[PDB]
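Index from 1, following the sequence.
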Amino acid sequence: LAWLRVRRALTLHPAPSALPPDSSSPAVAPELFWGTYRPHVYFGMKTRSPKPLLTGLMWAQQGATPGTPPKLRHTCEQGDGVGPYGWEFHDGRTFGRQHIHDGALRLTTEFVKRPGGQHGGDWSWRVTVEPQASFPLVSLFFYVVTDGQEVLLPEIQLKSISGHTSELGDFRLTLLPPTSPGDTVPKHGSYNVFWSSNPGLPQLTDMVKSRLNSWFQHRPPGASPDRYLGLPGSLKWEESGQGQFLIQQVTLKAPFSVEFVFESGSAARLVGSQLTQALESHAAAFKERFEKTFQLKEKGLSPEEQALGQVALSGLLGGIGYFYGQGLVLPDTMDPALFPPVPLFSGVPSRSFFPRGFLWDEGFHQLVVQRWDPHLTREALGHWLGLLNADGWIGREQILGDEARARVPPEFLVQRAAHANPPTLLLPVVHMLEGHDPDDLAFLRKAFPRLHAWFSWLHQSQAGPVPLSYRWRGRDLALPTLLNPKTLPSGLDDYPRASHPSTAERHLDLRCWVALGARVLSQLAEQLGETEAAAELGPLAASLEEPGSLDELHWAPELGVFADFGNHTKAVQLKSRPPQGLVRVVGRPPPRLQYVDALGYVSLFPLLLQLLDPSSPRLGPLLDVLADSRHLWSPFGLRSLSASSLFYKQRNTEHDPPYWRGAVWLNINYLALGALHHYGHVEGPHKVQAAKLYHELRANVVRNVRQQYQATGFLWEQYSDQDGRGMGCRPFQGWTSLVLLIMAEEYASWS
Ligand SMILES: *[C@@H]1O[C@H](CO)[C@@H](O[C@@H]2O[C@H](CO)[C@@H](O)[C@H](O)[C@H]2NC(C)=O)[C@H](O)[C@H]1NC(C)=O
Ligand SMILES: COCCCCCCCCCN1C[C@H](O)[C@@H](O)[C@H](O)[C@H]1CO
């Protein structure tokens, strides 16, 4: 009855899978079985499996202040003192090179994957420790974590570790003796080791910290000895069927390099000189492929801009993760419920975040990935489409497994089945259609019922008060602490909308996403021969493209822009009231139904998504507000909100700083650049002005992102509209990677 609808919200969609039957098994995808699929860990690997084999690195500098134990490094915590760091090279498949700056130390973490056998092949790591341009004493830790009943067989001094799993068969792990960098001659190292049952992945750091409780002596030949904190000096199992954890510690004076090798039984050497040769061959092949794909040198980009592009791509491919588990869901009508267990293969917005998937970020990530490797995009889109419930909903934030949950109470992990997110997954679909590649076409043929179910859910679940209008569900519940209720499902969290939320609201950005989605899917339906779907999608796209209805619903003549509508008053302020603290004060005039004055990214949506005809009477006015220094035009790109707005740089609460209230964001700037490139290249009365603004905006965005990367070593979440400085989270790779597509002038066109 009502309980049948609840189970529907918590059931996987019955349509055919967009991915082959056992898509992640090494029999089907051998090249992708192993990888750097744990983005929140500085350096580690895992298999694309629900019961994976995990590896990782930890490090600590010895000679630290007493009473105060050394800082142990393992996960990418934004305030741990490490930085800058990031991938210089990573092709998302065979190799990678990363640099980590940590106080007096510089670390180089490199890997090469070698195919062979029936279980996903082999891999080798090289970790180089050098002093910052001092011979500091350093401990490196190399661990392995098994699943359930799987056991490890050591080879004692600790030479190697052998194992067996259903998915990997027989395998061997070897920690080779250290050498000096660029040489094969062995150097003396001190060894410690810990071995017991796996305490859980978010508990590895604390378990190691707890067992670094006894002093030892590093005794190299021809040198004075050094004291260090370590794990037990000899191998002894410590006393539940939750898998095993074995961590090996190596300590000596920098500079040195140490190799950690994985060898598959079925594949039966990638070490020293052969590993050095493999690394150089991979780096050269990467550079050749990068120029052919993006043609930056041919397009006249500087060597510095070329280096920026290379890092933009490497950081994005380096942040691709594999997740498995049950998410928390709140059905629309109630208590939270578990969703069925599912896998997810996806890019992440920041390595500094708990390892999670974000729905509208992924559409932007895949625009970059598809240009480099179309197969990776098919894998990622196929996995996101596997998350649909029987109604066509996908949770906007995917928190799957223990590390992703990261000790946050379940109350803050729950995804609401009533709430949406922009359908940016359709943007890489436009490019796949344009290229007419047979593999992309065969994938889209299989994926069509899922893409259609998901789109249909969006315009039906978010229907507005009148025909052809839409309203984002999930605006914050009006509280005395909130200046303006946020719209978290829209992606632009604190962009100002109506002061007093109600069911009479009409949202401009959402209407525009629906118009684009209907157009993209009608084009796909026509290409595939989906007659009945095309007969529905075609007329819906035309009804939403139409200028009369858009004008009636969103054109605000008193504002000279397109706007959101609702019960609103500009007379709202945050004021301190003892004993209350800082609270919102509604003054005069009282709220009434009208268009909302909030000139910014939302105002531009018919232009950004290329919905206006080149001869539209509304195109000129939008171009003028975009170009105006008093509004959106800053020397570093387009502002999220007008500098003349009463909400400009305004905090929403005592604990909530401005977010989409002035700062420059690279995803929306990329869409504006695609739109200006479009209007500047088609015939029309504003072609000249659009072509000019395109060149000026491109120059400003590229320059600032390049300069901030030079000054900080990072690509940031957002940029200051006043001085261009990187702000928010970092590394943000992440849609800030779109800077590569801006430099290459690669924009997907849906006309
Ligand atoms: C716009 O918002 C105002 C402010 O909340 C609404 O006024 C409230 O209306 C309800 C229902 O009549 C009353 O119980 C409250 O006392 C009113 N509050 C105040 C402070 O006047 C108003 O109804 C809303 N208008 C529309 C069209 O939704
Ligand atoms: C310590 O790790 C914390 C991990 C979880 C953070 C959860 C909050 C996500 C904030 C980041 N970000 C806010 C933007 O306004 C959205 O448009 C965007 O989709 C989203 C994801 O990039």
Item to check | Centroid separation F443 to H375 less than 6.0 Å | outcome: no
Checklist entry - So, for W123 and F262, is the gap between ring centers shorter than 6.0 Å? => result yes
Checklist entry - Going by an N to O cut-off under 4.0 Å, is there a salt bridge joining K113 and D122? => result no
Checklist entry - Is the count of non-hydrogen atoms from other residues, nucleotides or ligands lying under 6.0 Å from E298 atom CD greater than 12? => result no
Item to check | Distance in Å, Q718 CD paired with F732 CZ, rounded so as to fall on 0.5 Å steps | outcome: 9.5 Å
Item to check | Aromatic ring pairing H459/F455, orientation class (parallel under 30°, perpendicular over 60°, tilted between) | outcome: tilted
Item to check | More than 12 heavy atoms from other groups under 6.0 Å of CD on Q295 | outcome: yes
Checklist outcome for this item: Partner of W735 under ring pair (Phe, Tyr, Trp, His ring centres under 6.0 Å), picked from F364, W716, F358, is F364
Item to check | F89 and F95 aromatic ring geometry - parallel, tilted or perpendicular at 30°/60° bounds | outcome: tilted
Next on the checklist: Quiz question: by atom type and distance under 3.5 Å, do the side chains of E536 and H452 form a donor-acceptor pair?
Outcome noted: yes
Checklist entry - When you look at NZ of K51, are more than 12 heavy atoms from neighbouring residues, nucleotides or ligands closer to it than 6.0 Å? => result no
Next on the checklist: So for atom OH, which belongs to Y709, do other residues, nucleotides or ligands contribute more than 12 heavy atoms lying within a distance under 6.0 Å?
Outcome noted: no
Checklist entry - Quick one: does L521's side chain get under 4.5 Å of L426's, heavy atoms only? => result yes
Next on the checklist: Hydrogens and angles aside, do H119 and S266 bring a side-chain donor and acceptor to less than 3.5 Å of each other?
Outcome noted: yes
Checklist entry - Is the closest side-chain donor-acceptor distance between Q366 and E362 under 3.5 Å? => result yes
Checklist entry - Do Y324 and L400 come close enough that some side-chain heavy atom pair is under 4.5 Å? => result no
Checklist entry - In terms of the angle between their ring planes, are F345 and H383 parallel, tilted or perpendicular, with boundaries placed at 30° and 60°? => result tilted
Item to check | Inter- and intrachain pairs under salt bridge (charged side-chain N to carboxylate O under 4.0 Å, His left out), touching residues 740-751, at least two apart | outcome: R371-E746, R698-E745
Checklist entry - Hey, are the side chains of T75 and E403 touching, using non-hydrogen atoms and a 4.5 Å cut-off? => result no
Next on the checklist: With rounding to the nearest 0.5 angstrom, report the CZ to CG distance, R378 to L444.
Outcome noted: 9.5 Å
Checklist outcome for this item: Here the pair of heavy atoms bringing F290 nearest to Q310 is CZ-N, 3.5 Å
Checklist entry - Where does the angle between the aromatic ring planes of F43 and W125 fall among parallel (under 30°), tilted (30 to 60°) and perpendicular (over 60°)? => result tilted
Checklist entry - Are the ring centres of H282 and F286 closer than 6.0 Å? => result no
Checklist entry - From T487 OG1 over to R473 CZ, what is the distance, rounded to the nearest 0.5 angstrom? => result 12.5 Å
Checklist entry - Side chains of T165 and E150: is there a donor and an acceptor less than 3.5 Å apart? => result no
Next on the checklist: Could you tell me if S346 and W384 have a donor-acceptor pair between their side chains, going purely by distance under 3.5 Å?
Outcome noted: yes
Checklist entry - When the aromatic ring centroids of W34 and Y37 are compared, is their separation below 6.0 Å? => result no
Checklist outcome for this item: Output for pair (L367 CG, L427 CG), nearest 0.5 Å, gives 5.5 Å
Next on the checklist: I'd like to know if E305 and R706 make a salt bridge, using a cut-off of under 4.0 Å between side-chain N and carboxylate O.
Outcome noted: yes
Item to check | Residues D373, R93: salt bridge by 4.0 Å N-O rule | outcome: yes
Item to check | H419 side, atom NE2; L359 side, atom CG - distance, nearest 0.5 Å | outcome: 14.5 Å
Item to check | Inter- and intrachain pairs under salt bridge (charged side-chain N to carboxylate O under 4.0 Å, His left out), touching residues 379-392, at least two apart | outcome: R8-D391, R48-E379
Checklist entry - Honestly, is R511 close enough over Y470, meaning NZ or CZ under 6.0 Å from the six-membered ring centre and within 45° of the axis? => result no
Checklist entry - Which atom names give the shortest non-hydrogen contact between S490 and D509, and what distance separates them? => result CB-OD2, 3.9 Å
Checklist entry - Do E434 and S749 get their side chains close enough for a donor-acceptor pair, meaning under 3.5 Å? => result yes
Checklist entry - Are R97 and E110 ion-paired here, with the side-chain N under 4.0 Å from a carboxylate O? => result yes
Checklist entry - When you check the side-chain N and O atoms of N667 and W360, is any donor under 3.5 Å from an acceptor? => result no
Checklist outcome for this item: d(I320 CD1, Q733 CD) to nearest 0.5 Å is 12.0 Å
Checklist entry - What's the verdict on ring-ring contact (aromatic ring centres under 6.0 Å, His included) for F714 and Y85, showing C-alpha distance, side-chain angles and the deciding distance? => result CA-CA 8 Å; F714 290 116; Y85 72 97; 5.8 Å; yes
Checklist entry - Under 3.5 Å, is there a donor-acceptor pair linking the side chains of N669 and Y601? => result yes
